[PDB]
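Only one chain is given next, in structure tokens, and it is the form deposited in one PDB entry.
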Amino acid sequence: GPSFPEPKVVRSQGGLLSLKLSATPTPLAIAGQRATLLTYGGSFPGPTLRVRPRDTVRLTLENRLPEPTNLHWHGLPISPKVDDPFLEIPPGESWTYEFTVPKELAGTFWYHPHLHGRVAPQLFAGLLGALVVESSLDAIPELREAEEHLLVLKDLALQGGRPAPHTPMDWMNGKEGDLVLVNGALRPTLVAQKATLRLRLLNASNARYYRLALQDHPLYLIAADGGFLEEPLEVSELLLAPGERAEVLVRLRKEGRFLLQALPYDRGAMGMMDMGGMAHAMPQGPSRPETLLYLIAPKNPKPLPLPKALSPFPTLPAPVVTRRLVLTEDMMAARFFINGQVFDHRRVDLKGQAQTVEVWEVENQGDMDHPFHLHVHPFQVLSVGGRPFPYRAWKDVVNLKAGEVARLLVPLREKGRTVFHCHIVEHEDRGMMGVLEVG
């Protein structure tokens, strides 16, 4: 096949993407070994769904797992009566998700399980896939002529030909695996045919962070989780926390082989040590560096000029309320809290008004990084750690290091009950989630 493996794409046809996917234990070849994973559509990752604004999506999910499951349409500003985080599809049963893709939308999104208490093992086992919303912006020459690829960043650990089970330490830290894969492949080679690459990036890992850097090259950020920036932003590196997406342009500068690496990053994961009276928690420190893929540039690369503009960011109405949400930890209990409470599906934590704008101040009072995710209502990150964000774009996950406060501008869109939670999914399963009702 193609030197660079990417998930098979399923495209809408005549404005309709109608598809049946099964969630199923699936024997497959992975990183040179045979393993049984849990997959959508018989593959890992699941198929990439490619749609345009105003398309209808009709996705029937058949549950062939021995436990209940559901789907979260991560990042899609649709109704929480469709993207329903409380729905359970029992084993053997099916459910059809039907929605219209919003008109003002573009970027890389994804789908995965969201059944409280069971997300971490289901996602770790291989249940996830991408969804791309194509834009009229993709037709401008500076993007149209680029070579485009999707990179699904997901790690895995295998034991006895199956996903490794969660340990107690895994529930505390979030589980990371030794197999650090791209599109389910181990350090694939991307032999570029064009000098400009457009890469859609997705961190679909449970807990692993990717401090991305391409040898000898900057990256040009053109989209965040939920939409384009207003103009390209040059960066030396790009951190992708669990659940985040980004799109970058790469402008290959000369012939040769360039490594795309996940550089060392300390997210505050913890170990245990005993030093003669100890038996106490100790930092794991930074991750070991990982090579994600080998990028081979073509001969005499002459990259395209960058687009001078992308999409203007909407002018939002003045906000009508300010919220404060404080994240804390009980590491040894592996319990995680928002404003001193654990999730309760029956309890409403915030009540807001549709079509108003709110300011959310999310403060991390723990020692671990926590990537904070809000369903249904994409937000504009104003600042984090007291540093203004260097661009305007829609996001739906924001990483907070220990001590940091993020200030978000949150326009409330669809009415209904939905959730916000840490996207280290073990933390969500262990209580770090709350309920927002919009009316």
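Rigid core (definition): largest C-alpha set, two forms, superposition within 1.5 Å. Only residues modelled in both forms are compared. Numbers for residues come from their place in the sequence shown, where the first is 1.
Here the subject shifts to the form deposited in another entry, a form of this protein not shown in this document.
Compare C-alpha positions between the shown form and the other one after fitting on the rigid core and state which of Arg288, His280, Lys254, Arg257 moves by at least 2 angstroms.
The residue that shifts is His280.
With a shift of at least 3 angstroms, figure out whether the C-alpha spacing between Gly276 and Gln284 grows or shrinks in that other deposited form: closer or farther?
Distance between the C-alphas of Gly276 and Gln284: shorter in that other deposited form, by 3 Å or more.
What runs of three or more residues stand out between the shown form and the other one, with each Cα shifted 2 Å or more once the rigid core is matched?
Runs moving 2 Å or more: 1 to 3, 274 to 282.
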